[PDB]
Every structure is written in C-alpha cells, then in structure tokens.
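Listed next as structure tokens is one chain, alone, in the form deposited in one PDB entry.
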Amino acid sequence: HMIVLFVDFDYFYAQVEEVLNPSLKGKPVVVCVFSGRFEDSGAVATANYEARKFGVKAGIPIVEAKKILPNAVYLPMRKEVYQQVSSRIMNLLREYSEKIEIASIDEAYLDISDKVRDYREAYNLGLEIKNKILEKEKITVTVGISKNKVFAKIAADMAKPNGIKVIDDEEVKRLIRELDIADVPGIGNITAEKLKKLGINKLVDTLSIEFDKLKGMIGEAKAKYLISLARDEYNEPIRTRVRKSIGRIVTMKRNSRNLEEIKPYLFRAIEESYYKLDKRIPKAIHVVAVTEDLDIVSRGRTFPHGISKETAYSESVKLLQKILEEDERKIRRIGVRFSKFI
C-alpha cells in the first residue's frame, strides 16, 4: 500500500535559540514567555533536553523552574523568528514529495508512497532528509515511518530526540494491543479517563464495547477514529492544509472588570491580529476572555462581509460588554480571534 513519513523537530524553539547562538549548546536552555503580571510571571514555552532532565518542561510556571535550575539560561520567546526557520525547513521537505501535510510549526507528514518501494528504502530517505535539514538549517529532527499518519507519528514519539524509526505491520499488530491507548495521537487525559473507566485501556479493547456506548461517551468522531485504528482500517490521506483562524491574547497587569481598563489591552490584541492577517479579510470575529480563575469565555459575531479594522474595534467592544454582562468574574487575559476568511 503506502508509506507515510513523519518529521518532527526536536525541542524546536529552544533549539532555534541554540543554533542562533551556539554558545548555549550543552547548557540548560529554557524558552519562556514573561507576562508583566509580576517578576518571573509566566510559563515555560519549552526547554531543551539538558534542562528537561531535571523536570523543567513546557507549561510549568517559570518561578518553579527557577527553583529547580536557578542557573539555566532563560530566554524570552521570539515566535516570528521560529516561524521563518520553520518555513525554510518546510521547503526542503517539499523537495521529497509534494504530498505534504504540515500539522504545526514543527510537524509535517509526507506521502513518499510513490518515491519509495520498500520500508528499507524508506529508512534511507529518512536519513537523507535528516541529513539535509541538519546541514542546511542546523536543526535536529526525529523521523517516524509507517503505513499511516497515526503510526508514523507514534514512531517519532518512540524515537525522540534526533531519532529515526520504522514501524512495520508486525509492530502495528503488536501495538494495537500492547500500546497504551493514552499514548495514541488525540487522547488527552480527559479522554484517556473516560476510556479508563469504561474498560478501554488498550487500542484493542475498543472492539469490545458497543459502538453507541462510545458515541455517547467520547463522541462519534473519536469513536470511529479509534475503531478504524483498532481494526487496522485507518488510512487517512496526506492533505495540504490552510490556517483557518488568527488571533492574539494578552495578559493584563491586574485583573479587572472596568471596560475602560481592559479596552486598551483588547486593542493591542486587535492591532496585532491584523498585522498577522497580512493580506486576509476575516468575516467572523471573537473576543475570548480568560477569567480570574483561569476559565475561558468568548463571544462572537459573523458578518455577511469582511471586517475592517474600524469595525473590529467597535464590534469587539460590544462583545466584551456582553461578556462582563453574562459573567461575574474578573477578567485576567483578553484577546481576539479572527476566522472565516474571505
């Protein structure tokens, strides 16, 4: 049938800060985003493996990370740059099979189904690709290879970092039963729990229960996706994809409810969101507000025409007025999301 190749860049942001300043290598590096809330306020975007050995990983507040590795290099995240270094690497890949996906700023799938005859020749295209990326951009990436996207990615997860691994149909059969289901692409612990207290702890356990008992627990989508993976009928194609939305959320010094105190933050967001749109006209706008207790509340409005900057400002303030009206908590983070492009 087919052979899907998965490329995923190792500790990407951290590594981009490394390549851009070689001195950092071998030393713990932690890329984080400081919110002016107070000093060291913020979380950790990511950390190279040095720091990651000792517990410092993406998500933990940076204060907790500084109590663990008070002498690691902490750097502010610069998205724009990573973005370009990604785009660059995402082209060297187009040169191995126009059938490319691109799941994120660091993940992409290739259907080298035609450029290769056997897995063995795949392991070769794998090293070729790794090698070309390492020479041209100085970045280390892991490669996964199998019969379909899901497993191609599982291969990469098993070979991180700077790894290469193929999973043939014998491993798949094996993994269908032995591979812990919580380690399957698309099963956040929230779904890993509903599955746990339902009998399904392995990919194969999904065949046991009735289909409409799943459809009512985890939804139809997750249910069909899982069964097809369990029965070995998963065969999703590698489809190119486009950004279906652009936004920006900002943290405020203090939590408040005063429209006049939040407005300016909301504009900064609206202002940057349009810079990101570049040459695109959106038709729907959303204002998301992160409550004082870290809960998300949003409000939208779709127009029959595009949204000009002036109407985004105006329409954004009403939606906000509607959020405070329908909620009681104080706002912490505020932002906008522009979708449904022209």
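Whichever C-alpha set is largest while still superposing within 1.5 Å between the two forms counts as the rigid core. Note that residue numbering follows the sequence shown and begins at 1.
Keep in mind the form deposited in another entry is missing from the figure; the text below concerns it.
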(request) Identify which of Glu80, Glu128, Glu98, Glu210 has its C-alpha displaced by 2 Å or more between the shown form and the other one once the rigid core is superposed. (result) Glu210
(request) Answer yes if the Cα of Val63 shifts by 2 angstroms or more between the shown form and the other one on a rigid-core superposition, and no otherwise. (result) no
(message) With a threshold of 2 Å on the C-alpha, tell me if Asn162 counts as moved between the shown form and the other one once the core is superposed.
(response) no
(request) Compare the position of the CA of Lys253 between the shown form and the other one after a rigid core fit and state whether the shift reaches 2 Å. (result) no
